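Visitor:
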Amino acid sequence: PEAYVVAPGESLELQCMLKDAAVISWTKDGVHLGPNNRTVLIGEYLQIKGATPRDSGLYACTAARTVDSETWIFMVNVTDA
Amino acid sequence: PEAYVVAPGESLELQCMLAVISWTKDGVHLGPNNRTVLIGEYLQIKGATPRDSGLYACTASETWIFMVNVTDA
Numbered sequence: 047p048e049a050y051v052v053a054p055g056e057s058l059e060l061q062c063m064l065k066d067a068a069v070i071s072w073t074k075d076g077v078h079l080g081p082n083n084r085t086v087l088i089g090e091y092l093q094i095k096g097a098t099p100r101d102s103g104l105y106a107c108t109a110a111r112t113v114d115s116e117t118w119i120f121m122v123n124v125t126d127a
Numbered sequence: 047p048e049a050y051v052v053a054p055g056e057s058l059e060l061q062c063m064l068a069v070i071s072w073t074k075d076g077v078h079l080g081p082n083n084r085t086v087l088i089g090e091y092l093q094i095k096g097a098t099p100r101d102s103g104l105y106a107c108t109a115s116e117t118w119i120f121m122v123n124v125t126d127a
């Protein structure tokens, strides 16, 4: 679990992994993340523009396929510090 | 984020911490089934297969998180 500092207003960008036939699902603090006006999920990428401090949290992407289900975690701290 | 490694075939058991507990895996809400039992603060899934791995999380505000790794390693 690696740390990511994002300055408020900037873009949080996370990248999961490349596995053939694996569809990527994202969580923040265990809760599900999907697409919205500030959230885009594409390929193995997660983008959130307009970082605010409550965007801070423990993000994780799980690449699941039928055979297996591998997982990466990112600790995101959105701060002016 | 707590680590839990289980060997395939064995029983995956999670125990929540610090109220009625609801479990998610990779964001999806879990209920009981023929290999899953949810009781008290416990989550049990028997017959672990590598696809049972994922990011589990238990909540009642407060939330506790588990990275489950099912491997023979």
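So the sequence lines, in the order shown, correspond to chains A and B.
Numbered by the deposited numbering, the letters in the first sequence go through residues 47 to 127 in order.
Numbered by the deposited numbering, the letters in the second sequence go through residues 47 to 64, 68 to 109, 115 to 127 in order.
Where is the CB? At the ideal position from N, CA and C, for every residue including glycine.
(1) CB residue 82 of chain A to CB residue 102 of chain A, shorter than 8 Å?
(2) I want to verify the contact list: residues of chain B whose CB lies under 8 Å from the CB of residue 119 of chain A, in sequence order.
(3) List the residues that DSSP assigns as beta-bridge partners of residue 70 of chain B.
(4) Taking Cβ-Cβ distances below 8 Å as the criterion, which residues of the region 47-76 of chain A are in contact with chain B?
(5) Within the same chain, show all residues whose beta-carbon is closer than 8 Å to that of residue 97 of chain A, passing over the 5 residues directly before and after it, in chain order.
(6) Any beta carbon from chain B within less than 8 Å of residue 114 of chain A's own beta carbon?
(7) Buried or exposed for residue 127 of chain A, please, with buried defined as at least 16 other CB atoms from any protein chain shown within 10 angstroms of its CB.
Guide: This is what the structure gives:
(1) no
(2) 47, 104 and 121
(3) DSSP output for residue 70 of chain B lists no bridge partner at all.
(4) 47, 71, 72, 73, 75 and 76
(5) 52, 53, 54, 55, 56, 57, 58 and 124
(6) yes
(7) exposed
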